[PDB]
Amino acid sequence: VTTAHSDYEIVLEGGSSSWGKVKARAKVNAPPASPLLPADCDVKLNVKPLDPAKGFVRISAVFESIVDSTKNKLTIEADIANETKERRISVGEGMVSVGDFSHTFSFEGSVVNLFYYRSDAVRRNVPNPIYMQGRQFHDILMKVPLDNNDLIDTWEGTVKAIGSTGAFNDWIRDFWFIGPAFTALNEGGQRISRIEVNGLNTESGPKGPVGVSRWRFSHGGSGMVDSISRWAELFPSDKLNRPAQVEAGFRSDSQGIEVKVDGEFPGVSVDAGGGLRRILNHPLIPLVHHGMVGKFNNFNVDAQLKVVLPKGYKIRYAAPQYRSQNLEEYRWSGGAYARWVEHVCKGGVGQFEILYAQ
Amino acid sequence: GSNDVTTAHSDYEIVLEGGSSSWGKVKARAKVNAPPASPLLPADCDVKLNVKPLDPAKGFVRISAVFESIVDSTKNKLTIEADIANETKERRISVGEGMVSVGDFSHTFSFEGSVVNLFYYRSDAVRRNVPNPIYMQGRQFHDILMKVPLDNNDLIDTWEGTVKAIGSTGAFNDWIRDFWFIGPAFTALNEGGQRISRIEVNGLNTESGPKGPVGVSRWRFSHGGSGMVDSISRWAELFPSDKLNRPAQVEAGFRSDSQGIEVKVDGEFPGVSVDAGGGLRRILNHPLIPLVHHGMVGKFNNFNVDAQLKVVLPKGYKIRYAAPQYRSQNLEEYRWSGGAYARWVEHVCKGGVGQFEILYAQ
Amino acid sequence: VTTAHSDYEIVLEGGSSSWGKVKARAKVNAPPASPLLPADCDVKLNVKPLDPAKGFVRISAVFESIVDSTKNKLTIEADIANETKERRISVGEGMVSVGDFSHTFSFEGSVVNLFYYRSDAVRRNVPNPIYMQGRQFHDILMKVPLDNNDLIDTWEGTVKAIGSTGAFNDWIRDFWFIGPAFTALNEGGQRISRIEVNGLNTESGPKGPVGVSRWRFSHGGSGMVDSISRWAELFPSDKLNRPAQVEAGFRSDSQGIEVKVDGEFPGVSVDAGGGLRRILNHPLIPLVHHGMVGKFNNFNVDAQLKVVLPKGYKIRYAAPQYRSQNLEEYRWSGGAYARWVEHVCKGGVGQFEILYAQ
Amino acid sequence: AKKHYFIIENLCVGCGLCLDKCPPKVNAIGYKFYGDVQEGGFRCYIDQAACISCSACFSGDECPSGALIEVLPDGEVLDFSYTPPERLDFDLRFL
Amino acid sequence: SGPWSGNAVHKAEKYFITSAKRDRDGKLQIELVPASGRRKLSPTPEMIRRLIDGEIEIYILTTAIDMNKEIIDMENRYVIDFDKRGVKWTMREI
Ligand code: BCL
Ligand code: BCL
Ligand code: BCL
Ligand code: BCL
Ligand code: BCL
Ligand code: BCL
Ligand code: SF4
Ligand code: SF4
């Protein structure tokens, strides 16, 4: 049987704005594919405009989890800006703590995104492009203070491994993507190149030695990768005129999974040409990645998508059909919507499109 | 109670010919109420494949193919037309031309190709102890010379960009595989069992032609398989140049939508039935690449199954060792429905490669 | 419908011992994903202590199968010892026969297992580690007598291929993993490196020429590979004080699958800290590998798990719950246990853990 | 404002449904006869000096001849506020 | 095709000319915009060949007088190159 109870809400804003509120609840009675149970997690994402002249924004992220009687925490906090429309700059710092061990770090990064082609026919014959092949290049300089015995041990072991073996650059990818993540890398459509180390140094600092490393890598995609094909959509620096948030939490166990999500941010709705707007095309990486854990138990589906529009907006060409119009709201439940939900909770990437106008 | 219904209605027919002939007619209908895994919907397509014997002395045959599709309010057309011949039993030669048009843009091309297929071993014990080999590892090598007339501004732009990319970067040869297999196709490449090697460019030229400059490119690549790849393991079966004494056709069409999928297939061609030794003949072993490739989209909705398979034999032929069993014998026809046949159909519509074998004699 | 009838039993031993008896029955009415049917197989695995001073043990293995009217047999018999805790030595011989063809061989092998890190924080903050990345290196010297015409043909063809082509070292991996096995290699989490040939020789022997080959290869894992992450668990040379056995057999057909397994060997139960013991963590490679054939037909599930403990042992924190306690036995059936069984018969790796004490 | 509306002359049939929605303070829509009103001789029109871009004339989805267009602010021309996705069709027979 | 695909008013896909800018060529800027208005196309002899057969119709929107070769009667006989005469609609508000 294994019913799957889920509850969704989108709330939009009028005019030329693109902001939106998102709310989500979920429940299943199926065992998660985690070789360590139970597992709990909360995520806070916040972002505020540092200053619009430079385009600089400040973004924070906090993770706590309890994984089989073990507390894990990861804090990161950074400043990001688009230096060009295909280069991005970031300066940030954070820390990671597991059990009793903990250490901080400060990074200094740049990212460059390149597409394999720029043909304008692809721009005048296809109104809604989806797949777009390209490659990203990351250049990272990170400094970590060495104060613990274990930090010094890791540092010396890494220096010895980098010095001695000639296949460090490609074997590091084995340690990098631990467990099933590596497998997804092939299927999710990505390709990680061999890293290239530009030098590991150690310098005296405030309290003691600090290990400085700078390295470069690249990863390409066939179009399914959102971070490449949709480089412009995922960092809306224009509409961040007020702080935005994303705030989620799951709590897994030996008998089903619990989900809870809030969010409010721009980029929810985009122009679709001819005066009509649309909900943004659903990202594909989460769908195909979750499809690797969603095929283990056949399940029953019930859900309710509830979309609230501003004054004077109408939904036209909603595929599949909605069920009710409470004069501003549209509700989807059962039938073809339920079939589509069951389809996408197993890795399917079929399109459920909503167009609205005024 | 239980889970989703989603009935899948399908209808199949095979019609054979008697004697030593191998020709056959194939007919297929299909319907599902499940959303296709296409990030752009709706999507429609028709396919025409025709082939006629150019001349038997050389072994040359002429083959045409036309594709039209409407993908989310966008008309796409691809025409190709070529002449193929087996120069040896492990080399093949082809000369052809075609065009591709999307929306308003369109351009033609003419290619000049050769293909060589090699197996990794030739041990004859494998030939005297195994009566029906299935997996056979090998590698194919493609050598292509294609010319495209440059007349549009966009064609010239693509040409110049490609020349600049090939000149500048040193990793073009292996990064081209990212642009090559767009989207999920790339992923299938790993699982479907294939391995594409890095291409090797032998020179990009441009020469004046009838109306203007024409870009000429010639390149080579190879791809190997562990045995699951039909184009390698069954190199001899997929181009039956002997029995093409009359024109043959394949003619299909699917029409997808946000609520299920429609299929319609006709065909008539040789190679449907092969000798099985000891006087018995058999339907050809089912290809594996289509099964495993379709298995990557057939696991998204649990479904109910109903189908016919209806096989019509010539005079005096009898089916013996049909596994699973058939249901009826209308004195020349054999019908499969429900039960183990339905289970096998549900099995193969999800990527399974279990064997459903039919042997007939006279 | 496709009911799946399965029957399981574990029997343990008391004290500090780790021995165990395992019994298993299984039945399905689904067509196996074998492009040749029918297919039958029996497996015998025996091991006895050669001598404890050296640590040397002797292990035998026999395989018979009938694959679509074709008899196949493989015999192997070898002596293995742990020279260090990360090196292993083996000397053995065997033969393989298909239909009428048959030939023997004698091998001489060493294996080295290396982990990518040794951080002790990972050892004091995580009580039950699961994923552990590393790499294995195999060095093999095998001799095969050339007496048949076909053996000489294979030998000459291989010498010609190794001499002529420059891409033999990496293209050999195509012939190596025949068919779907290759695909699993990516997904199952493994990476096979290019082999390196150290020389093919031929020398006169008792009855004639013998082909001698020695070669090296390596394979790394992201942690999912048991042969790497659990290098210490899979060869319990301590508790083999009496002969142990594993004895299985499957028998497939065009309409379902039959299974039958006996076994008795150490390593079934391990210490879990704080006086409690546990059943060993379930291996992951068999689960994910069988998950590639277990998604083709939706099926109904019924099973027993019946665990028998020694005197004075109690199960505490069994997740999911058991059903009955016949004063020494614990039985799992239906409900969450059935859901977990259906989960793991499709590739899921959720944890079903049993802790017992006294 | 932007996005004018521009009734087409040659396609209009004079049903007048476009004229109803325009607010009474704005008599931007009118009639033209020039002949006998039975073979299509009373086609209507829009006055551009009074129209205030309500979109009541276009968003109502009432024109049956496709005579209202609503040209976009930059250069684009519409004909109806949403169009089906133009598939293509055949016949089936389950054997 | 069928009445239920595309728009039911029209017997085939309709296009309009929206731009007439002179860029060193006079009338490179023929911008064929469809009825739905999601693209900005051009003469593009493929468009011309699908025009001449049965499937495209274009109109001129009285809101390139000679550069589109008006010929000589009824104030309108617009032809593109040699073959087909793009009919035009009128919107005279006066
Ligand atoms: C995931 C796919 C690609 C990836 C894609 C990107 C993209 C895209 C970007 C970076 C950028 C960065 N990446 Mg990277 N990057 C990857 C793997 C890595 C790895 C690694 C060990 O694997 C490292 C060290 C880095 C390092 C970095 C830094 C150089 C840089 C800034 C990080 C940041 O700000 O932190 C902050 C960390 C987070 C906020 C964690 C939350 C991340 C998730 C994905 C955010 C989800 C957004 C959520 C859906 C909506 C949020 C809205 C809220 C209102 C804010 N990347 C993988 C391979 N990387 C950024 C950059 O350009 O810097 C110049 C950037 O835009
Ligand atoms: C971007 C990744 C974060 C990071 C995130 C984590 C996480 C997450 C964990 C640790 C953990 C630990 N960290 Mg740390 N760690 C980083 C930077 C460092 C540096 C350094 C000189 O920069 C050092 C010495 C360490 C040291 C240590 C290990 C000794 C310790 C436990 C072993 C472990 O798995 O490590 C993991 C090692 C790393 C992820 C990279 C170490 C970098 C090496 C030493 C220097 C760079 C080499 C190479 C050029 C970079 C390759 C790219 C990376 C492979 C992605 N970290 C960077 C800033 N670190 C563990 C812990 O906290 O408690 C057990 C753990 O779970
Ligand atoms: C698909 C698996 C392999 C593949 C396997 C083969 C095989 C096998 C052959 C070729 C051959 C050719 N390939 Mg190749 N080839 C592949 C990828 C490519 C790519 C590319 C960009 O990816 C290119 C450019 C080429 C190029 C070419 C030309 C050099 C050559 C002739 C093509 C042809 O006649 O067109 C015509 C195009 C078609 C007819 C389209 C229809 C194709 C499908 C597969 C036909 C299905 C047959 C249907 C089931 C039954 C038809 C029966 C009807 C009665 C006719 N191949 C992939 C990697 N290629 C042929 C050759 O040898 O030339 C010397 C040949 O025999
Ligand atoms: C075998 C593949 C067919 C082909 C099939 C298509 C298809 C399908 C499409 C295009 C499309 C286009 N074609 Mg073309 N195209 C071919 C040959 C060419 C040549 C040339 C010099 O030979 C050029 C300049 C072009 C130019 C163009 C692009 C400018 C344009 C839109 C971008 C796109 O995605 O391109 C795709 C580019 C190619 C598939 C290969 C271009 C070849 C390059 C320029 C020269 C060979 C370089 C290298 C040695 C060959 C690598 C092998 C290929 C990667 C498989 N084509 C060959 C004959 N072409 C698009 C279109 O029509 O409307 C948008 C589109 O959808
Ligand atoms: C399977 C994953 C890894 C693998 C992991 C290991 C591991 C781990 C070991 C070896 C070891 C060996 N491997 Mg290796 N090895 C692999 C692939 C290969 C290949 C090949 C062509 O692919 C070859 C030729 C070899 C060759 C060899 C010899 C060098 C050596 C001894 C074999 C043995 O004793 O035979 C005997 C053959 C068997 C007994 C067949 C049964 C095998 C199965 C897996 C046993 C299941 C155990 C069962 C669950 C419980 C048994 C308990 C009973 C009481 C006994 N390996 C794959 C890539 N290999 C051993 C060694 O170290 O030698 C020094 C060793 O410990
Ligand atoms: C570890 C693998 C076992 C082995 C297991 C099998 C199996 C299983 C089969 C055969 C079969 C055959 N064996 Mg043997 N075979 C081995 C060693 C040899 C040697 C040799 C010089 O060592 C030779 C000449 C042969 C010869 C033959 C082929 C002529 C014959 C049928 C073709 C076949 O598929 O072969 C398969 C070839 C091999 C598996 C490897 C052959 C080794 C080559 C010639 C020398 C080593 C080259 C290279 C350095 C090693 C690469 C590693 C391997 C690819 C894994 N074998 C080793 C001992 N052999 C078939 C049979 O018995 O009846 C049809 C069959 O099904
Ligand atoms: S847009 Fe408004 S003012 Fe203009 S004609 Fe229509 S209803 Fe009247
Ligand atoms: S609704 Fe259309 S047809 Fe009727 S008067 Fe208005 S513009 Fe003319």
# chains A, B, ... in the order shown; residues from 1 in each chain; ligands from 1

call {"tool": "residues_near_ligand", "arguments": {"ligand": "ligand 4", "cutoff": "7 Å", "atoms": "only C-alpha atoms and all ligand atoms", "output": "PyMOL selection string"}}
result
(chain A and resi 117+119+121-122) or (chain B and resi 100-102+105-107+109+146-148+154-159+162+176+179-180+201+215-219)

call {"tool": "write_last_selection", "arguments": {"atoms": "N, CA, C and O atoms", "output": "CSV table (one decimal), in the first residue's frame"}}
result
chain,number,residue,atom,x,y,z
A,117,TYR,N,28.2,26.1,-27.9
A,117,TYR,CA,27.8,26.8,-29.1
A,117,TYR,C,26.9,28.0,-28.7
A,117,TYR,O,26.3,28.1,-27.6
A,119,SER,N,24.6,29.3,-31.5
A,119,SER,CA,23.9,29.5,-32.7
A,119,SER,C,22.6,30.1,-32.5
A,119,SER,O,21.8,29.7,-31.6
A,121,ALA,N,20.0,30.4,-34.6
A,121,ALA,CA,18.9,29.6,-35.1
A,121,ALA,C,18.3,28.8,-34.0
A,121,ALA,O,17.0,28.7,-33.8
A,122,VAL,N,19.1,28.3,-33.1
A,122,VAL,CA,18.6,27.6,-31.9
A,122,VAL,C,17.8,28.6,-31.0
A,122,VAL,O,16.9,28.1,-30.2
B,100,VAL,N,18.8,18.6,-43.3
B,100,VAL,CA,18.0,18.7,-42.0
B,100,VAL,C,17.5,20.1,-42.0
B,100,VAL,O,18.2,21.1,-42.3
B,101,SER,N,16.2,20.2,-41.5
B,101,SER,CA,15.5,21.5,-41.4
B,101,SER,C,14.8,21.6,-40.1
B,101,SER,O,14.1,20.7,-39.8
B,102,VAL,N,15.1,22.7,-39.4
B,102,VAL,CA,14.4,23.0,-38.1
B,102,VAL,C,13.8,24.3,-38.2
B,102,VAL,O,14.4,25.3,-38.5
B,105,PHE,N,15.3,27.4,-40.4
B,105,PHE,CA,16.7,27.0,-40.8
B,105,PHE,C,16.7,25.7,-41.5
B,105,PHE,O,15.9,24.7,-41.2
B,106,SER,N,17.6,25.5,-42.5
B,106,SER,CA,17.7,24.3,-43.2
B,106,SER,C,19.1,24.2,-43.9
B,106,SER,O,19.6,25.3,-44.3
B,107,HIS,N,19.6,23.0,-44.0
B,107,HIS,CA,20.9,22.9,-44.8
B,107,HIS,C,21.0,21.4,-45.2
B,107,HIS,O,20.6,20.5,-44.6
B,109,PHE,N,23.7,18.2,-46.9
B,109,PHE,CA,25.0,17.7,-46.7
B,109,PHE,C,25.1,16.5,-47.6
B,109,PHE,O,24.1,15.8,-48.0
B,146,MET,N,32.4,14.3,-44.9
B,146,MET,CA,31.2,15.0,-45.2
B,146,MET,C,31.4,16.4,-45.7
B,146,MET,O,32.3,17.1,-45.1
B,147,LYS,N,30.6,16.8,-46.6
B,147,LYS,CA,30.7,18.2,-47.2
B,147,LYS,C,29.4,18.8,-47.0
B,147,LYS,O,28.3,18.3,-47.3
B,148,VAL,N,29.4,20.1,-46.5
B,148,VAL,CA,28.2,20.9,-46.3
B,148,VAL,C,28.4,22.2,-46.9
B,148,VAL,O,29.3,22.9,-46.7
B,154,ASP,N,24.3,31.7,-40.5
B,154,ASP,CA,24.5,30.8,-39.3
B,154,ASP,C,25.4,29.6,-39.6
B,154,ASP,O,26.2,29.2,-38.8
B,155,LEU,N,25.4,29.1,-40.8
B,155,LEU,CA,26.3,28.0,-41.2
B,155,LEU,C,27.7,28.5,-41.2
B,155,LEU,O,28.6,27.8,-40.6
B,156,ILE,N,28.0,29.7,-41.7
B,156,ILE,CA,29.3,30.3,-41.6
B,156,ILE,C,29.8,30.5,-40.2
B,156,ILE,O,30.9,30.3,-39.8
B,157,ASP,N,28.8,31.0,-39.4
B,157,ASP,CA,29.2,31.2,-38.0
B,157,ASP,C,29.5,29.9,-37.3
B,157,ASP,O,30.5,29.8,-36.5
B,158,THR,N,28.7,28.8,-37.5
B,158,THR,CA,29.1,27.5,-36.9
B,158,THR,C,30.4,27.1,-37.4
B,158,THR,O,31.3,26.6,-36.6
B,159,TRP,N,30.7,27.2,-38.7
B,159,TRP,CA,32.0,26.8,-39.2
B,159,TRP,C,33.2,27.5,-38.6
B,159,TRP,O,34.1,26.9,-38.2
B,162,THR,N,33.6,26.5,-35.0
B,162,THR,CA,34.2,25.1,-34.9
B,162,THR,C,35.7,25.2,-35.2
B,162,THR,O,36.5,24.5,-34.5
B,176,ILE,N,34.3,16.9,-27.2
B,176,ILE,CA,33.3,16.8,-28.2
B,176,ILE,C,32.2,15.8,-27.9
B,176,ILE,O,31.1,15.9,-28.3
B,179,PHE,N,29.1,17.4,-26.2
B,179,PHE,CA,28.1,18.0,-27.1
B,179,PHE,C,27.5,16.9,-28.0
B,179,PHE,O,26.3,17.1,-28.4
B,180,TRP,N,28.2,15.8,-28.2
B,180,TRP,CA,27.7,14.8,-29.2
B,180,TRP,C,26.4,14.2,-28.7
B,180,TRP,O,25.4,14.3,-29.4
B,201,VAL,N,40.5,14.1,-35.7
B,201,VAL,CA,40.2,15.0,-36.8
B,201,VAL,C,41.3,15.0,-37.8
B,201,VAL,O,42.5,15.2,-37.4
B,215,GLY,N,32.2,23.5,-46.7
B,215,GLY,CA,33.0,23.0,-45.6
B,215,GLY,C,33.1,21.5,-45.7
B,215,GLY,O,32.1,20.8,-45.7
B,216,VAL,N,34.4,21.0,-45.8
B,216,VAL,CA,34.7,19.6,-45.9
B,216,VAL,C,35.4,19.1,-44.7
B,216,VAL,O,36.4,19.7,-44.3
B,217,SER,N,34.8,18.1,-44.0
B,217,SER,CA,35.4,17.6,-42.8
B,217,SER,C,35.6,16.1,-43.0
B,217,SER,O,34.7,15.4,-43.5
B,218,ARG,N,36.7,15.5,-42.5
B,218,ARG,CA,36.8,14.0,-42.5
B,218,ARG,C,37.4,13.7,-41.1
B,218,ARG,O,38.3,14.3,-40.6
B,219,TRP,N,36.8,12.6,-40.5
B,219,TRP,CA,37.1,12.3,-39.1
B,219,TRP,C,36.8,10.8,-38.9
B,219,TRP,O,36.1,10.1,-39.7

call {"tool": "interface_residues", "arguments": {"of": "chain B", "to": "chain C", "cutoff": "6 Å", "atoms": "only C-alpha atoms", "output": "tab-separated table (two decimals) with N, CA, C and O atoms, in the first residue's frame"}}
result
chain	number	residue	atom	x	y	z
B	129	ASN	N	30.46	-25.60	-29.29
B	129	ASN	CA	29.87	-25.98	-28.02
B	129	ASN	C	28.61	-25.20	-27.69
B	129	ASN	O	27.77	-25.70	-26.94
B	137	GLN	N	31.80	-9.81	-28.09
B	137	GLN	CA	32.47	-8.53	-27.91
B	137	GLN	C	33.25	-8.13	-29.16
B	137	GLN	O	33.84	-8.97	-29.83
B	191	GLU	N	25.46	2.54	-19.68
B	191	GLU	CA	24.62	1.40	-19.34
B	191	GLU	C	24.29	0.52	-20.53
B	191	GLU	O	24.34	-0.70	-20.43
B	193	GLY	N	25.91	-0.38	-22.58
B	193	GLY	CA	27.08	-1.20	-22.78
B	193	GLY	C	28.14	-0.66	-23.72
B	193	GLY	O	29.13	-1.35	-23.96
B	226	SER	N	30.61	-4.89	-25.10
B	226	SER	CA	30.81	-6.11	-24.33
B	226	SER	C	29.96	-7.26	-24.84
B	226	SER	O	29.98	-8.34	-24.24
B	227	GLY	N	29.20	-7.06	-25.91
B	227	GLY	CA	28.37	-8.10	-26.48
B	227	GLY	C	26.92	-7.70	-26.57
B	227	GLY	O	26.18	-8.21	-27.42
B	228	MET	N	26.49	-6.78	-25.71
B	228	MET	CA	25.10	-6.34	-25.72
B	228	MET	C	24.78	-5.49	-26.94
B	228	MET	O	23.61	-5.36	-27.30
B	347	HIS	N	7.67	-7.73	-18.41
B	347	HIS	CA	9.09	-7.85	-18.11
B	347	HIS	C	9.93	-7.10	-19.13
B	347	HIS	O	10.86	-6.38	-18.77
B	350	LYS	N	10.14	-3.10	-19.40
B	350	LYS	CA	10.84	-2.40	-18.34
B	350	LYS	C	12.35	-2.56	-18.44
B	350	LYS	O	13.07	-2.15	-17.52
B	352	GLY	N	13.86	-5.71	-19.16
B	352	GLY	CA	14.26	-7.10	-19.06
B	352	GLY	C	14.58	-7.70	-20.42
B	352	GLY	O	14.03	-7.31	-21.45
B	353	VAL	N	15.49	-8.67	-20.42
B	353	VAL	CA	15.96	-9.27	-21.67
B	353	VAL	C	15.77	-10.78	-21.65
B	353	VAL	O	16.49	-11.51	-22.34
B	354	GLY	N	14.79	-11.25	-20.89
B	354	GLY	CA	14.47	-12.66	-20.91
B	354	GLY	C	14.10	-13.13	-22.30
B	354	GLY	O	13.60	-12.38	-23.13
B	355	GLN	N	14.35	-14.41	-22.55
B	355	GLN	CA	14.19	-14.98	-23.88
B	355	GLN	C	12.80	-15.57	-24.04
B	355	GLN	O	12.39	-16.44	-23.26

call {"tool": "atom_distance", "arguments": {"atom1": "CA of residue 65 (chain D)", "atom2": "CA of residue 126 (chain A)"}}
result
28.2 Å

call {"tool": "closest_residue", "arguments": {"among": "E:53, E:94, E:42, E:1", "to": "residue 80 (chain E)", "atoms": "only C-alpha atoms"}}
result
E:42

call {"tool": "residues_near_ligand", "arguments": {"ligand": "ligand 6", "cutoff": "8 Å", "atoms": "only C-alpha atoms and all ligand atoms", "output": "ChimeraX atom specification"}}
result
/B:121-126,129 /C:74,95-99,101-107,142-146,150-159,172-173,175-176,195-197,199-200,210-215

call {"tool": "residues_around", "arguments": {"residues": "residue 82 (chain C)", "least_positions_apart": "5", "cutoff": "8 Å", "atoms": "only C-alpha atoms", "output": "list in words"}}
result
residues 55, 56, 87, 88 and 89 of chain C

call {"tool": "write_last_selection", "arguments": {"atoms": "N, CA and C atoms", "output": "CSV table (one decimal), in the first residue's frame"}}
result
chain,number,residue,atom,x,y,z
C,55,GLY,N,49.2,-19.2,9.3
C,55,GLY,CA,47.9,-18.6,8.9
C,55,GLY,C,47.4,-19.2,7.6
C,56,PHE,N,47.9,-20.2,7.0
C,56,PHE,CA,47.5,-20.7,5.7
C,56,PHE,C,46.2,-21.5,5.8
C,87,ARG,N,48.3,-7.1,2.9
C,87,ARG,CA,48.8,-7.9,1.8
C,87,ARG,C,48.3,-9.4,2.0
C,88,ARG,N,48.0,-10.0,0.9
C,88,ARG,CA,47.5,-11.4,0.9
C,88,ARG,C,48.2,-12.2,-0.2
C,89,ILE,N,48.5,-13.4,0.1
C,89,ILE,CA,49.3,-14.3,-0.8
C,89,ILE,C,48.4,-15.5,-1.1

call {"tool": "atom_distance", "arguments": {"atom1": "atom 6 (C, counted along the ligand's line) of ligand 1", "atom2": "CA of residue 194 (chain A)"}}
result
16.8 Å

call {"tool": "residues_around", "arguments": {"residues": "region 276-285 of chain A", "least_positions_apart": "6", "cutoff": "9 Å", "atoms": "only C-alpha atoms", "output": "short mmCIF file (atom, residue, chain, number, x, y, z; two decimals) with C-alpha atoms, in the first residue's frame"}}
result
data_model
loop_
_atom_site.label_atom_id
_atom_site.label_comp_id
_atom_site.auth_asym_id
_atom_site.auth_seq_id
_atom_site.Cartn_x
_atom_site.Cartn_y
_atom_site.Cartn_z
CA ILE A 130 15.77 22.67 -22.38
CA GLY A 188 23.03 12.34 -13.68
CA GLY A 189 24.88 13.31 -16.84
CA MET A 224 20.75 17.80 -18.15
CA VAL A 225 22.96 19.64 -15.66
CA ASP A 226 21.16 22.75 -14.42
CA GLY A 267 12.76 33.62 -9.84
CA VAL A 268 9.61 31.55 -9.28
CA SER A 269 7.85 32.88 -12.40
CA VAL A 270 9.47 33.87 -15.70
CA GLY A 347 12.98 9.93 -11.83
CA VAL A 349 11.14 14.25 -16.25
CA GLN A 351 6.72 18.33 -18.36
CA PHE A 352 3.90 19.77 -16.25
CA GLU A 353 3.61 23.34 -17.52
CA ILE A 354 1.50 26.23 -16.24
CA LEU A 355 0.95 29.44 -18.20
CA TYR A 356 -0.84 32.44 -16.71
CA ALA A 357 -1.71 35.85 -18.10
CA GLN A 358 -3.79 38.93 -17.29
CA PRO B 39 10.89 17.57 -20.84
CA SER D 81 -4.54 35.05 -26.03
CA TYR D 82 -3.45 31.41 -26.24
#

call {"tool": "residues_near_ligand", "arguments": {"ligand": "ligand 5", "cutoff": "8 Å", "atoms": "only C-alpha atoms and all ligand atoms", "output": "MDAnalysis selection string"}}
result
chainID C and resid 45:47 59:61 76:82 87:92 107:112 136 138:140 176 192 219 227:228 231 234:235 243:246 263:266

call {"tool": "residues_near_ligand", "arguments": {"ligand": "ligand 7", "cutoff": "9 Å", "atoms": "only C-alpha atoms and all ligand atoms", "output": "list in words"}}
result
residues 3, 4, 5, 6, 7, 18, 19, 20, 21, 22, 23, 26, 27, 28, 29, 46, 47, 48, 50, 51, 52, 53, 54, 55, 56, 57, 58, 59 and 70 of chain D
